[PDB]
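Read off the chains here:
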Amino acid sequence: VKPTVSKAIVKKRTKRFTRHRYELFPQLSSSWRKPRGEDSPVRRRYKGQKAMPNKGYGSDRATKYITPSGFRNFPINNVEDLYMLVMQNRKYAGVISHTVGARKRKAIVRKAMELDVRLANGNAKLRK
Amino acid sequence: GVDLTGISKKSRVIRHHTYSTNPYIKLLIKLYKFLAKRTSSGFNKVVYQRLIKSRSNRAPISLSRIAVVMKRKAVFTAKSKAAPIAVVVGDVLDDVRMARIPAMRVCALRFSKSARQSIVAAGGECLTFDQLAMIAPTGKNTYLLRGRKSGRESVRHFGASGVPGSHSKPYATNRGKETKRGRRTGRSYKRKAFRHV
Amino acid sequence: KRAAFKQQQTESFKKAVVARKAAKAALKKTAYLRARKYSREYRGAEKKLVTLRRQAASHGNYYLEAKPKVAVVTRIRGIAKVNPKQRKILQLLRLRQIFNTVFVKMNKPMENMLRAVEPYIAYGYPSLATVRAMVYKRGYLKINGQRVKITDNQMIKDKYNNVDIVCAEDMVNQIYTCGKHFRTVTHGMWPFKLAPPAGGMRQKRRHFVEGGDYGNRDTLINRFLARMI
Amino acid sequence: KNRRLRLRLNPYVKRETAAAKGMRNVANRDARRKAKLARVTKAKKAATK
Amino acid sequence: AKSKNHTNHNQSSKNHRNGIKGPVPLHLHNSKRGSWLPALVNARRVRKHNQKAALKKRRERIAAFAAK
Amino acid sequence: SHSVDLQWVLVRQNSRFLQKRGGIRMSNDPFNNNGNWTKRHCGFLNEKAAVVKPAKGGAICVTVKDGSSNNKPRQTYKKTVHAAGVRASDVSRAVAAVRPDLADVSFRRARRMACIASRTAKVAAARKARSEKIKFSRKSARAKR
Amino acid sequence: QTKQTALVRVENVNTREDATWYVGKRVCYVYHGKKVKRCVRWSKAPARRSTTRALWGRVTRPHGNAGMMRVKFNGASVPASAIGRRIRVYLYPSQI
Amino acid sequence: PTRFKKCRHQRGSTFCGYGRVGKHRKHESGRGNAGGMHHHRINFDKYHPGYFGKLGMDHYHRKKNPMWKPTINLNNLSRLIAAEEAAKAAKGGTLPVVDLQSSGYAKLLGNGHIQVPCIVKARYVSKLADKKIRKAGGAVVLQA
RNA sequence: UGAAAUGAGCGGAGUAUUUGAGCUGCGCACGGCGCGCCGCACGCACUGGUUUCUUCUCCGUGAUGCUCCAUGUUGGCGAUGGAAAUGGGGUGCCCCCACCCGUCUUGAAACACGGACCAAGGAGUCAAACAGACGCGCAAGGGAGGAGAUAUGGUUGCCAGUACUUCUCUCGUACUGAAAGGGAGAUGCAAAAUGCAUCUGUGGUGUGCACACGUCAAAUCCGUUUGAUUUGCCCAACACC
RNA sequence: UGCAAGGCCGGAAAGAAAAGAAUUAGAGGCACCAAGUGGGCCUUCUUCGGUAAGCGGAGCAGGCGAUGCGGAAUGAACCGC
RNA sequence: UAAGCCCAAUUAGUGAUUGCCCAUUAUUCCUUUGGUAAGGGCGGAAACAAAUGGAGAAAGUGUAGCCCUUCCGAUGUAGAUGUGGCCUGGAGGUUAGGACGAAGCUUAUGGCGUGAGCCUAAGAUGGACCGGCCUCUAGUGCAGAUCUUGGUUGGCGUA
Ligand SMILES: [K+]
Ligand SMILES: [K+]
Ligand SMILES: [K+]
Ligand SMILES: [K+]
Ligand SMILES: [K+]
Ligand SMILES: [K+]
Ligand SMILES: [K+]
Ligand SMILES: [K+]
Ligand SMILES: [K+]
Ligand SMILES: [K+]
Ligand SMILES: [K+]
Ligand SMILES: [Mg+2]
Ligand SMILES: [Mg+2]
Ligand SMILES: [Mg+2]
Ligand SMILES: [Mg+2]
Ligand SMILES: [Mg+2]
Ligand SMILES: [Mg+2]
Ligand SMILES: [Mg+2]
Ligand SMILES: [Mg+2]
Ligand SMILES: [Mg+2]
Ligand SMILES: [Mg+2]
Ligand SMILES: [Mg+2]
Ligand SMILES: [Mg+2]
Ligand SMILES: [Mg+2]
Ligand SMILES: [Mg+2]
Ligand SMILES: [Mg+2]
Ligand SMILES: [Mg+2]
Ligand SMILES: [Mg+2]
Ligand SMILES: [Mg+2]
Ligand SMILES: [Mg+2]
Ligand SMILES: [Mg+2]
Ligand SMILES: [Mg+2]
Ligand SMILES: [Mg+2]
Ligand SMILES: [Mg+2]
Ligand SMILES: [Mg+2]
Ligand SMILES: [Mg+2]
Ligand SMILES: [Mg+2]
Ligand SMILES: [Mg+2]
Ligand SMILES: [Mg+2]
Ligand code: NA
Ligand code: NA
Ligand code: NA
Ligand code: NA
Ligand code: NA
Ligand code: NA
Ligand code: NA
Ligand code: NA
Ligand code: NA
Ligand code: NA
Ligand code: NA
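Residues numbered from 1 in each chain as written, not as in the entry; some residues may be left out. Chains lettered and ligands numbered in written order. Part of a larger assembly, values for the part shown. Heavy atoms only, no water. Residues with missing side-chain atoms left out of burial classes, pairs and counts.

- Header annotation of the entry names cryo-EM as the structure determination method and lists the resolution as 2.93 Å.

- As annotated in the PDB entry, chain E carries the name 60S ribosomal protein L29 and is attributed to Leishmania major strain Friedlin.
- Readers searching the PDB will find this entry under the title "CRYO-EM STRUCTURE OF LEISHMANIA MAJOR 80S RIBOSOME WITH A/P/E-site tRNA AND mRNA : PARENTAL STRAIN".
- Here is the UniProt Sequence similarities (unreviewed entry) comment for chain E, exactly as written: "Belongs to the eukaryotic ribosomal protein eL29 family." (UniProt positions renumbered as here; feature names shortened; annotations may be inferred.)

- By the naming in the PDB entry, chain C is Putative 60S ribosomal protein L7, taken from Leishmania major strain Friedlin.
- The record held by UniProt for chain C lists under Sequence similarities (unreviewed entry) the comment "Belongs to the universal ribosomal protein uL30 family."

**Describing a positive patch on the surface**
So, step 1. A surface patch of like charges, here positive, comprises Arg20, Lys21, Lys24 and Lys28 of chain C together with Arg4, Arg8, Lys14 and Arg15 of chain D.
So, step 2. Elements with a contribution of two residues or more to the positive patch: α1 (4-57) of chain C together with α1 (3-9) and α2 (13-23) of chain D.
So, step 3. Top contributing element to the positive patch by residue count: α1 of chain C, with four residues.
So, step 4. By the element assignment, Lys14 of chain D lies in helix α2.
So, step 5. Exposure remark for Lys14 of chain D: the relative accessible area of 57% places this residue in the exposed category. (Patch = residues over 30% accessible without salt bridge, like charges linked within 9 Å, V, L, I, M, F, W, Y side chains within 5 Å. Areas by Shrake-Rupley, 256 points an atom, 1.4 Å probe, with all protein chains shown as cover. Salt bridge = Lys/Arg side-chain N within 4 Å of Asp/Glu carboxyl O. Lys, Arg positive; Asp, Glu negative; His and termini not counted. Charge placed at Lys NZ, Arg CZ, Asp CG, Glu CD. Helix = DSSP H or I, 4+ residues; strand = E, 2+ residues; numbered from the N terminus. Buried < 20%, exposed > 50% of the residue type's maximum accessible area, 1.4 Å probe, protein only.)

**A word on the side chain of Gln174 of chain C**
Residues and elements named next belong to chain C.
So, step 1. Summarising the element assignment, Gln174 is placed in helix α6 (residues 168-176).
So, step 2. Classification of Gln174 as buried rests on a relative accessible area of 7%.
So, step 3. One polar contact links the side chain of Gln174 to the main-chain amide nitrogen of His181, over a distance of 3.0 Å. (Polar contact = N/O pair within 3.5 Å; in protein donor to acceptor, adjacent residues only side chain to side chain.)

**With respect to the environment of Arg33 of chain E**
So, step 1. Along the chain, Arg33 of chain E falls in the loop between α1 (11-17) and α2 (37-67).
So, step 2. When residues no more than four places from it in sequence are discounted, the contact partners of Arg33 of chain E are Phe194 and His196 of chain B. (Contact = heavy atoms within 4.5 Å.)

**Topic: the protein's contact with RNA strand I**
So, step 1. Of all residues adjacent to RNA strand I, which total 168 residues, the nearest are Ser54 and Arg110 of chain B, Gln55 of chain C, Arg39 of chain D together with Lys131 of chain H.
So, step 2. Each atom of RNA strand I within 4 Å of the protein belongs either to a base or to sugar and phosphate, the latter forming 68%.
So, step 3. With respect to RNA strand I, the side chain of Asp91 of chain B contributes an N or O atom lying 3.2 Å from a base nitrogen.
So, step 4. Here a phosphate oxygen of RNA strand I sits 3.0 Å away from a polar atom, N or O, in the side chain of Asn111 of chain H.
So, step 5. Take the surface near RNA strand I: its biggest share by element is 19 residues, from α1 of chain C.
So, step 6. Within the surface near RNA strand I, the residues separate by chemical class into 51 nonpolar, 54 polar and 63 charged. (Near = heavy atom within 4 Å. Nonpolar A, V, L, I, M, F, W, Y, C, P; charged D, E, K, R; others polar.)

**Re the sheet that holds strand β4 (residues 60-65) of chain F**
The strands that make up a sheet pair up through hydrogen bonds in the backbone, lying either parallel or antiparallel.
All names here are of chain F.
So, step 1. Taken together, three strands build an open sheet; the order of strands is β3-β4-β5 and the sheet is antiparallel. Because the sheet does not close on itself, it has two edges, and the strands there are β3 (49-54) and β5 (78-82). Neighbour-to-neighbour, the strand axes of this sheet turn through a mean angle of 25°, independent of strand direction.
So, step 2. Sheet topology places β4 next to β5; five bridges connect them, and they run antiparallel. By the bridge assignment, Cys61 is partnered in β5 with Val81. (Pairing = 2+ DSSP bridges. Axes fitted to C-alpha atoms, helices over the stretch in contact; angles between N-to-C directions.)

**So, the interface of chain B and chain H**
So, step 1. With 21 residues of chain B at the interface, the matching set in chain H holds 18 residues.
So, step 2. Summing both sides of the interface, chain B and chain H together bury roughly 1,700 Å²; the carbon and sulfur share of this comes to 51%.
So, step 3. It is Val96, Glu178 and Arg181 of chain B that lose the most area in chain B upon contact with chain H, and together they represent 35% of the buried surface on that side.
So, step 4. Our count for the contact surface shared by chain B and chain H stands at one salt bridge.
So, step 5. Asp45 of chain H is paired through a salt bridge with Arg181 of chain B; the nearest N and O atoms lie 3.1 Å apart.
So, step 6. Counting across the interface, chain B meets chain H through 13 residue pairs in polar contact. (Buried area = accessible area lost by both parts, 1.4 Å probe.)

This is the structure:
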């Protein structure tokens, strides 16, 4: 199945918003923490520092949540989940959950091929 | 770079949804939101905005007050014309101090069991807001009524009780306590009962 | 087939489309005849003053020009370190941002308002070309509290609901000649938001007669604004 | 600076432009220059005497 | 450890943030308590008669409306 | 006594048919023509409803609830099967006979049902050809009764 | 600095009127890499295959009074290792 | 519920809405009603006038049972009359008899207009209540 | 890339009209000089006259599209491959930027204090009294509590729950006085140191939603709708009595 | 029949002319319940003590504190914003 | 023969009144977010099978926002508030997954979100439990307290 065509995806920013000084401490995770320090160079918005997330970085609502394939990801856990996406097969692609086993995945991949339902993580051999 | 000092002071606290969890209130708001925006009537707009209001701001009304204000309208009303429908966005409560009331059509969110009995026993009928929208889709010939709020004990305690001219009730659990100094001329001073404003 | 309620709408909308084309032609004809009369008034007024100056000069006399009635005021300073009195005048003049421009009447009450906030503004006496260029290129109306660009005379006719103001030439005439609807026309407009003067200023901190920018330039404001509009 | 918007706002702009074209005509400009100076000089002399 | 004694610096800025609200109109809070008593007692007798006349006028209006 | 307007307010946020997975609200509703969690498409909740369903072969079945037997859940929904080769506008007309606000989605679904039937036959035929060249160690068969 | 726009000084262009002649012309920076990678006509012209590479742009406007130009490169910005290196200003697109 | 409190919003704030200057210290004003006549006088004087001092007599061993005396008014007497009995009541005829002490009342007060005439048995009565109920066709009967 | 092209620009007609410059008619304004002659640069009215030159002007397509997406040309690359692209990830390097975090503080990059690393742990909680906002039930009444009853006098457990009851108790419906003690309707007639009569009724006044008869201004697709406003009643409130 | 006051009944209302003859990014009022503050500091002008001070103390107003950005090489407060 | 000081210009007695370079400013364009926001549509117009134009259209505070058009604002310490905002251990419901591999663990492992985070992939890891949604609940989120406990650690093959 081909996805519905949209406008170009812009992605205002690609780099992650990482925590300040997280590279100098193995303790600190890379995830974003708002600096509330009084003399924080990042909080005061100096020129050479790293940026802060805010509203202006939000992505265009037309192309938001759309994956590079052109679909939106909907997590499916068995064969019966594939039947919600029969009418919206050009908008949504199924994402088989990680914990779904190889025995159950065989029936999901077989069914989605006949229904013409895209799977984001099916076997690469099928669909050519 | 625009000089907009005090532009947040211009803005006001306007709520467009109800905090109420009642599903039937949400059906009345759904119905009267449609009527307010699709009809030219100013009745449907006032009713819709009062449905959003909180329980404290939708004060209850008594059956006696409805009877009194409808009689003031009953006089100076032509005999050919029918009496209006009393409409309250709130609760209608019974009054034991009025035994005899006229036959009135009253629409409300809630009627007490005795108020509903008293209205019906006098030849009237207790209406409902979707019943009103079907017989008065624009609110023609109605009486929009409000309950009283100034007699509430919270209102009578609001304000400092120790400033001149203030007759606020003190927040006290003991009535004998807090009665001496600042309350009697003999005991130091007395809070002045009058101030010019 | 079509539903009954859908058929009534089709007939009702067909008459609205016909009446919309009719009103478009009526206002186009009205705006043509009004603009023809306005342009003839401007030209004859120029010729009358030319002859008066010639008649006065040929007998040793002088001709006194009428004092200007309209001034065009632009804000040439930012929004930092403004005193409370100067701050309020610029708010009452609707000059709350740099390079914001308004038309004002040069009467005694307003002339004493402009003198107090001189270091922040640069005013002068506009010409017909200046008034036309601001209304046509930079003209916006306050419609339902929104800033809407003037794109046809139907918006002008609806915004003002006055027989004397139905077209963009009516707005130009009211501003240029200081008509009876000068305050109606100018208040119903958003303040003009201009670009910085191409080629630059001289010195925003000194008066024009001092070698700067912030005073009254008389009719020299028109070439200052031409680089901005 | 746009043709549609100028004509939409000013239906009479097609005639102000035609008047400006004739005023910038070299033959018209030179003829008017000769006539304007002669008729003002004549009226100046007549008033003087 | 001496400190600042007194200043009136940001005080006008604070007093004008929520404005200096204008006075109450003359038609509101025009109480006559504390005024000259002989004129206040005489005005009470007139106001009592005006209330009697106000009730009588509305009774006549009610009867007139029912008449027509 | 209890309307769809009231019932929708009760079930809009929690229902066994509502699937909010990763931010998307879908529906397992067997009587949903679309999969969207909206009042119009909640066919289990509306007084009258119609849904296009597949049948054996290329046939298309329209399951219709007309509100006559809503208190009898075994008689609430009736199935009428259209033979293979049926026009999708005829199926959309069968849905529009009870739900005129579902005629556009029922035409699109009756076409998908026919498209899926053809693709399933082609996918199955390509699977049979591939399996013919494979030797399998086991083959299960459910005993007859 | 704003790396999205580059400054190019061309030989014998020493006036602002000189640099206006080149507005819209194609500008190219030729360098080389380490490995032979894909080029235009990798298959049609195998003789073109080389470590040589080019980055293309266009002249947008002059810069100053002395014949400088502003150049915008296609998509990306020119590398800072190109500073002080040769730039090719072509005679097309032609206005003559 | 703990998940609804400000502590869950203030995770990461490091001060929890108490400031870097003033801080959340232990007992910065005293404990309880300390300093009501000094340091807290303005709060006590303007919000609780009358708090300090002595007033009146002392009633050792107050027993509240002897001084039990609930009141009901004339316009509220229909609360103690059954609906069918109130409908049948009329001036000059058979009237329902109301026992106040069995209903929890001792004194009849007599504010407003009486809605249904009745015979009221009360321990006490006002002069207005006694006068008004007689003019309306009822009566008060003293009881103990 | 024409998936509604509103164009002086697209399409149909036509070879003209008009708007400026010349030149001019009468009257009026205007300017010398004086109580009407001269001038008039060519202003205003006749939207005056002439056409010497200068311009193009006149019609036209609603959505029976509620919303989003989907339609060029020429090369290069890509013909199913350890491939061609595009994005992401990694490492180095150029040119520019760029003081150390937390913390008191008027002011910290500070020659101010705590800071070798990591893992696990670590700080607005529970109870009671009161208040205000919001949700819910009932309402001049609301509600227990303790305890009993029996489904259960049964069941390992579920069931320490749920279901049921209270002439009680409590908080209100009345407040004042230190206390003894008293204890609040309106109208009418009248002036009795507890006055009489009636009771379908805002104590009065000013301002005040909706509603009801109208009346104006504007827009109408001619059905109306949106603002104002006279009068009546004014609800909630506020202010004087 | 005059004055004072509370009303009632009417009238008139460029709804405020003309003389430079206002302007407004002008929804006014009214509550309720709460937090941080309650060490400040610096400037243009006025200003007191001191020989003066990067000194102590005030007035009107801006600013820093709480805020970066572009400029004065550098600089909490200067200049632009 | 300033690249210094005072004055004065803008390609120079030529024929008119913008030399040039730098902002988180101004104008304008695209996108996000929030309004004291302003409006339209929402009674499915009609027609239309596959093999060979599509899909959606919720009467709506807040979501992947019901959809479309329009206008304005957006920085901020202490502080307040909101969030169909993220995360953790348990409970009442509902719906799923797992020996064809559960939790946990690892990552040049990609995708999505402004973010807290979620999800997928691989394990040449593991070997038995556990995910989503609504509601309830609490010993519920760490970078630092000369913080507590355990381990490690440069100094250091040094004194
Ligand atoms: K405390
Ligand atoms: K091609
Ligand atoms: K550097
Ligand atoms: K501080
Ligand atoms: K000082
Ligand atoms: K928006
Ligand atoms: K459920
Ligand atoms: K699962
Ligand atoms: K840790
Ligand atoms: K650390
Ligand atoms: K340790
Ligand atoms: Mg903070
Ligand atoms: Mg710090
Ligand atoms: Mg700081
Ligand atoms: Mg795993
Ligand atoms: Mg009361
Ligand atoms: Mg300068
Ligand atoms: Mg300055
Ligand atoms: Mg101090
Ligand atoms: Mg149809
Ligand atoms: Mg706090
Ligand atoms: Mg403190
Ligand atoms: Mg004593
Ligand atoms: Mg044409
Ligand atoms: Mg310190
Ligand atoms: Mg210090
Ligand atoms: Mg620091
Ligand atoms: Mg130091
Ligand atoms: Mg210390
Ligand atoms: Mg009380
Ligand atoms: Mg302190
Ligand atoms: Mg600098
Ligand atoms: Mg901004
Ligand atoms: Mg902010
Ligand atoms: Mg989760
Ligand atoms: Mg736990
Ligand atoms: Mg790594
Ligand atoms: Mg803890
Ligand atoms: Mg330590
Ligand atoms: Na990202
Ligand atoms: Na790290
Ligand atoms: Na790199
Ligand atoms: Na009780
Ligand atoms: Na210094
Ligand atoms: Na600054
Ligand atoms: Na909603
Ligand atoms: Na915006
Ligand atoms: Na956690
Ligand atoms: Na921290
Ligand atoms: Na070592």
